[PDB]
>>> print(open('start-v9.csv').read())   # CSV, N, CA and C atoms
chain,number,residue,atom,x,y,z
Y,1,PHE,N,-9.2,8.0,-6.6
Y,1,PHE,CA,-9.6,6.6,-6.2
Y,1,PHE,C,-8.9,6.2,-5.0
Y,2,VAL,N,-7.8,6.9,-4.7
Y,2,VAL,CA,-6.9,6.5,-3.6
Y,2,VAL,C,-7.4,6.9,-2.2
Y,3,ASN,N,-8.2,8.0,-2.2
Y,3,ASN,CA,-8.6,8.7,-1.0
Y,3,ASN,C,-9.9,8.1,-0.3
Y,4,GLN,N,-9.8,6.8,0.0
Y,4,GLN,CA,-11.0,6.1,0.5
Y,4,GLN,C,-10.4,4.9,1.3
Y,5,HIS,N,-11.3,4.2,2.0
Y,5,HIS,CA,-10.9,2.9,2.6
Y,5,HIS,C,-10.7,1.9,1.5
Y,6,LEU,N,-9.5,1.2,1.5
Y,6,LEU,CA,-9.1,0.3,0.5
Y,6,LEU,C,-8.6,-1.0,1.3
Y,7,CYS,N,-9.4,-2.1,1.1
Y,7,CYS,CA,-9.1,-3.3,1.8
Y,7,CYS,C,-8.9,-4.5,0.9
Y,8,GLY,N,-8.0,-5.4,1.3
Y,8,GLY,CA,-7.8,-6.7,0.6
Y,8,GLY,C,-7.5,-6.5,-0.9
Y,9,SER,N,-8.2,-7.1,-1.8
Y,9,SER,CA,-7.8,-7.0,-3.2
Y,9,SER,C,-7.9,-5.6,-3.7
Y,10,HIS,N,-8.8,-4.8,-3.1
Y,10,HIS,CA,-8.9,-3.4,-3.5
Y,10,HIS,C,-7.6,-2.6,-3.2
Y,11,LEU,N,-7.0,-2.9,-2.1
Y,11,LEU,CA,-5.7,-2.2,-1.7
Y,11,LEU,C,-4.6,-2.6,-2.6
Y,12,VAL,N,-4.5,-3.9,-2.9
Y,12,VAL,CA,-3.4,-4.4,-3.8
Y,12,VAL,C,-3.6,-3.7,-5.2
Y,13,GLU,N,-4.9,-3.6,-5.6
Y,13,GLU,CA,-5.2,-3.1,-7.0
Y,13,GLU,C,-4.7,-1.6,-7.0
Y,14,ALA,N,-5.0,-0.9,-5.9
Y,14,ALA,CA,-4.6,0.6,-5.9
Y,14,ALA,C,-3.1,0.7,-5.9
Y,15,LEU,N,-2.4,-0.2,-5.2
Y,15,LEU,CA,-0.9,-0.2,-5.2
Y,15,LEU,C,-0.4,-0.5,-6.6
Y,16,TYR,N,-1.1,-1.5,-7.2
Y,16,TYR,CA,-0.7,-1.8,-8.6
Y,16,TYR,C,-0.8,-0.6,-9.5
Y,17,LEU,N,-2.0,0.1,-9.4
Y,17,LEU,CA,-2.2,1.2,-10.4
Y,17,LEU,C,-1.3,2.3,-10.1
Y,18,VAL,N,-1.1,2.6,-8.8
Y,18,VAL,CA,-0.3,3.9,-8.4
Y,18,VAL,C,1.1,3.7,-8.7
Y,19,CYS,N,1.7,2.4,-8.4
Y,19,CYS,CA,3.1,2.2,-8.4
Y,19,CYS,C,3.6,1.9,-9.8
Y,20,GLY,N,2.8,1.4,-10.7
Y,20,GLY,CA,3.2,1.2,-12.1
Y,20,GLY,C,4.4,0.3,-12.2
Y,21,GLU,N,5.4,0.6,-13.1
Y,21,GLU,CA,6.5,-0.3,-13.3
Y,21,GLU,C,7.5,-0.4,-12.1
Y,22,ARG,N,7.4,0.4,-11.1
Y,22,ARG,CA,8.1,0.3,-9.9
Y,22,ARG,C,7.8,-1.0,-9.2
Y,23,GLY,N,6.5,-1.4,-9.3
Y,23,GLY,CA,6.0,-2.5,-8.4
Y,23,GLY,C,6.0,-1.9,-7.0
Y,24,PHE,N,5.7,-2.8,-6.0
Y,24,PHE,CA,5.4,-2.4,-4.7
Y,24,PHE,C,5.6,-3.5,-3.7
Y,25,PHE,N,5.5,-3.2,-2.5
Y,25,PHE,CA,5.4,-4.3,-1.5
Y,25,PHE,C,4.1,-4.2,-0.6
Y,26,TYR,N,3.5,-5.3,-0.4
Y,26,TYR,CA,2.3,-5.4,0.3
Y,26,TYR,C,2.5,-6.2,1.6
Y,27,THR,N,2.5,-5.5,2.7
Y,27,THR,CA,2.9,-6.2,4.0
Y,27,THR,C,1.8,-6.0,5.0
Y,28,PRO,N,0.7,-6.8,4.9
Y,28,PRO,CA,-0.4,-6.5,5.8
Y,28,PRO,C,-0.3,-6.8,7.3
Y,29,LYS,N,0.6,-7.7,7.7
Y,29,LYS,CA,0.8,-8.1,9.1
Y,29,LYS,C,1.6,-7.0,9.8
Y,30,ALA,N,2.8,-6.7,9.3
Y,30,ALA,CA,3.6,-5.5,9.7
Y,30,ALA,C,3.0,-4.1,9.3
K,1,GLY,N,0.7,0.2,10.1
K,1,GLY,CA,1.1,-0.5,8.8
K,1,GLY,C,0.0,-0.2,7.7
K,2,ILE,N,0.1,-0.8,6.5
K,2,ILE,CA,-0.8,-0.3,5.4
K,2,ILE,C,-2.2,-0.6,5.7
K,3,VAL,N,-2.5,-1.7,6.4
K,3,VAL,CA,-3.9,-2.0,6.6
K,3,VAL,C,-4.6,-1.0,7.6
K,4,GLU,N,-3.9,-0.7,8.7
K,4,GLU,CA,-4.4,0.2,9.7
K,4,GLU,C,-4.6,1.6,9.0
K,5,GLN,N,-3.6,2.0,8.1
K,5,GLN,CA,-3.7,3.3,7.5
K,5,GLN,C,-4.6,3.5,6.3
K,6,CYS,N,-4.8,2.4,5.6
K,6,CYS,CA,-5.5,2.5,4.3
K,6,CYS,C,-6.8,1.7,4.2
K,7,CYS,N,-6.9,0.7,5.0
K,7,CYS,CA,-8.2,-0.1,5.1
K,7,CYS,C,-9.1,0.2,6.3
K,8,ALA,N,-8.4,0.2,7.5
K,8,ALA,CA,-9.2,0.6,8.7
K,8,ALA,C,-9.4,2.1,8.8
K,9,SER,N,-8.6,2.9,8.0
K,9,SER,CA,-8.8,4.4,7.9
K,9,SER,C,-8.6,4.7,6.5
K,10,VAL,N,-8.9,6.0,6.2
K,10,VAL,CA,-8.9,6.4,4.8
K,10,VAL,C,-7.5,6.5,4.2
K,11,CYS,N,-7.2,5.9,3.1
K,11,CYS,CA,-5.9,5.9,2.5
K,11,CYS,C,-5.5,7.3,2.0
K,12,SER,N,-4.3,7.4,1.5
K,12,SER,CA,-3.9,8.7,0.8
K,12,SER,C,-2.8,8.3,-0.2
K,13,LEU,N,-2.6,9.1,-1.2
K,13,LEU,CA,-1.5,8.8,-2.2
K,13,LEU,C,-0.1,8.9,-1.5
K,14,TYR,N,0.1,9.9,-0.6
K,14,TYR,CA,1.4,9.9,0.1
K,14,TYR,C,1.7,8.6,0.7
K,15,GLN,N,0.8,8.0,1.4
K,15,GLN,CA,1.0,6.8,2.1
K,15,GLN,C,1.1,5.6,1.2
K,16,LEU,N,0.3,5.5,0.1
K,16,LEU,CA,0.5,4.4,-0.8
K,16,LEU,C,1.8,4.4,-1.5
K,17,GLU,N,2.3,5.6,-1.9
K,17,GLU,CA,3.5,5.7,-2.6
K,17,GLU,C,4.7,5.2,-1.8
K,18,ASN,N,4.6,5.3,-0.5
K,18,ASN,CA,5.7,4.8,0.4
K,18,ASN,C,5.9,3.3,0.2
K,19,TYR,N,4.9,2.6,-0.3
K,19,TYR,CA,5.0,1.2,-0.5
K,19,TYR,C,5.4,0.8,-1.9
K,20,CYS,N,5.6,1.8,-2.8
K,20,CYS,CA,6.2,1.5,-4.2
K,20,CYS,C,7.7,1.2,-4.0
K,21,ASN,N,8.2,0.4,-4.9
K,21,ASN,CA,9.6,0.1,-4.9
K,21,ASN,C,10.4,1.3,-5.4
>>> encode(input="start-v9.csv", output="structure tokens")
Amino acid sequence: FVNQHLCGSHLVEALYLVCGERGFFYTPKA
Amino acid sequence: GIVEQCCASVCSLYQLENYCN
């Protein structure tokens, strides 16, 4: 599910699912 | 950055995992 274009809420959802209890950082400007 | 690499272009697990804590 990760190997595609992932934008906006779809990118954050992929980060959520992949990173699990680590959590993640979403920095779209930088 | 993540938008250029994963939204404007095709994402990958390698690149997404770099944003995990």
>>> closest_residue(input="start-v9.csv", among="Y:28, Y:10, Y:23, Y:17", to="residue 20 (chain K)", atoms="all atoms listed in the file")
Y:23
>>> closest_atom_pairs(input="start-v9.csv", of="chain Y", to="chain K", cutoff="7 Å", atoms="all atoms listed in the file", output="Markdown table")
| residue | atom | partner | partner_atom | distance |
| --- | --- | --- | --- | --- |
| Y:2 | C | K:11 | C | 4.6 |
| Y:3 | CA | K:11 | C | 4.5 |
| Y:4 | C | K:11 | N | 3.8 |
| Y:5 | N | K:10 | CA | 4.3 |
| Y:6 | N | K:6 | C | 3.9 |
| Y:7 | N | K:7 | CA | 4.6 |
| Y:8 | N | K:7 | CA | 6.5 |
| Y:15 | CA | K:16 | C | 6.5 |
| Y:18 | C | K:17 | CA | 6.9 |
| Y:19 | CA | K:20 | CA | 5.3 |
| Y:22 | C | K:21 | N | 4.5 |
| Y:23 | C | K:21 | N | 3.8 |
| Y:24 | CA | K:21 | N | 4.0 |
| Y:25 | N | K:19 | C | 4.0 |
| Y:26 | N | K:19 | C | 6.6 |
| Y:27 | C | K:2 | N | 5.7 |
| Y:28 | CA | K:3 | N | 5.3 |
| Y:29 | C | K:1 | CA | 6.6 |
| Y:30 | C | K:1 | CA | 4.1 |
>>> select_by_dssp(input="start-v9.csv", residues="chain Y", states="helix (DSSP H, G or I)", output="number ranges by chain")
Y: 9-22
>>> atom_distance(input="start-v9.csv", atom1="atom N of residue 14 (chain Y)", atom2="CA of residue 1 (chain Y)")
8.8 Å
>>> axis_aligned_box(input="start-v9.csv", around="region 8-21 of chain K", padding_each_side="8 Å", output="JSON")
{"center_x": 0.5, "center_y": 5.0, "center_z": 1.7, "size_x": 35.8, "size_y": 25.8, "size_z": 30.2}
>>> build_atoms(input="start-v9.csv", residues="region 8-25 of chain Y", atoms="N, CA, C and O atoms", output="short mmCIF file (atom, residue, chain, number, x, y, z; two decimals), keeping the file's coordinate frame")
data_model
loop_
_atom_site.label_atom_id
_atom_site.label_comp_id
_atom_site.auth_asym_id
_atom_site.auth_seq_id
_atom_site.Cartn_x
_atom_site.Cartn_y
_atom_site.Cartn_z
N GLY Y 8 -8.00 -5.40 1.30
CA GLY Y 8 -7.80 -6.70 0.60
C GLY Y 8 -7.50 -6.50 -0.90
O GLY Y 8 -6.55 -5.71 -1.17
N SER Y 9 -8.20 -7.10 -1.80
CA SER Y 9 -7.80 -7.00 -3.20
C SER Y 9 -7.90 -5.60 -3.70
O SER Y 9 -7.24 -5.19 -4.67
N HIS Y 10 -8.80 -4.80 -3.10
CA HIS Y 10 -8.90 -3.40 -3.50
C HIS Y 10 -7.60 -2.60 -3.20
O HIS Y 10 -7.28 -1.62 -3.97
N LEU Y 11 -7.00 -2.90 -2.10
CA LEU Y 11 -5.70 -2.20 -1.70
C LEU Y 11 -4.60 -2.60 -2.60
O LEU Y 11 -3.83 -1.78 -3.09
N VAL Y 12 -4.50 -3.90 -2.90
CA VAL Y 12 -3.40 -4.40 -3.80
C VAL Y 12 -3.60 -3.70 -5.20
O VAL Y 12 -2.68 -3.42 -5.89
N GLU Y 13 -4.90 -3.60 -5.60
CA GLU Y 13 -5.20 -3.10 -7.00
C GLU Y 13 -4.70 -1.60 -7.00
O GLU Y 13 -4.17 -1.12 -8.01
N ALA Y 14 -5.00 -0.90 -5.90
CA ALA Y 14 -4.60 0.60 -5.90
C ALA Y 14 -3.10 0.70 -5.90
O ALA Y 14 -2.59 1.53 -6.69
N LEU Y 15 -2.40 -0.20 -5.20
CA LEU Y 15 -0.90 -0.20 -5.20
C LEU Y 15 -0.40 -0.50 -6.60
O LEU Y 15 0.49 0.17 -7.12
N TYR Y 16 -1.10 -1.50 -7.20
CA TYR Y 16 -0.70 -1.80 -8.60
C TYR Y 16 -0.80 -0.60 -9.50
O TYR Y 16 0.08 -0.33 -10.31
N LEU Y 17 -2.00 0.10 -9.40
CA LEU Y 17 -2.20 1.20 -10.40
C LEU Y 17 -1.30 2.30 -10.10
O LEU Y 17 -0.84 3.01 -11.02
N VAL Y 18 -1.10 2.60 -8.80
CA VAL Y 18 -0.30 3.90 -8.40
C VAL Y 18 1.10 3.70 -8.70
O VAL Y 18 1.80 4.58 -9.19
N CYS Y 19 1.70 2.40 -8.40
CA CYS Y 19 3.10 2.20 -8.40
C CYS Y 19 3.60 1.90 -9.80
O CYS Y 19 4.83 2.18 -10.03
N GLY Y 20 2.80 1.40 -10.70
CA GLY Y 20 3.20 1.20 -12.10
C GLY Y 20 4.40 0.30 -12.20
O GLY Y 20 4.53 -0.71 -11.49
N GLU Y 21 5.40 0.60 -13.10
CA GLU Y 21 6.50 -0.30 -13.30
C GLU Y 21 7.50 -0.40 -12.10
O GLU Y 21 8.33 -1.31 -12.12
N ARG Y 22 7.40 0.40 -11.10
CA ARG Y 22 8.10 0.30 -9.90
C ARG Y 22 7.80 -1.00 -9.20
O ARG Y 22 8.62 -1.70 -8.52
N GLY Y 23 6.50 -1.40 -9.30
CA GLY Y 23 6.00 -2.50 -8.40
C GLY Y 23 6.00 -1.90 -7.00
O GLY Y 23 6.12 -0.70 -6.71
N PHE Y 24 5.70 -2.80 -6.00
CA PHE Y 24 5.40 -2.40 -4.70
C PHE Y 24 5.60 -3.50 -3.70
O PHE Y 24 5.74 -4.70 -4.15
N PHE Y 25 5.50 -3.20 -2.50
CA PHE Y 25 5.40 -4.30 -1.50
C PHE Y 25 4.10 -4.20 -0.60
O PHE Y 25 3.72 -3.11 -0.25
#
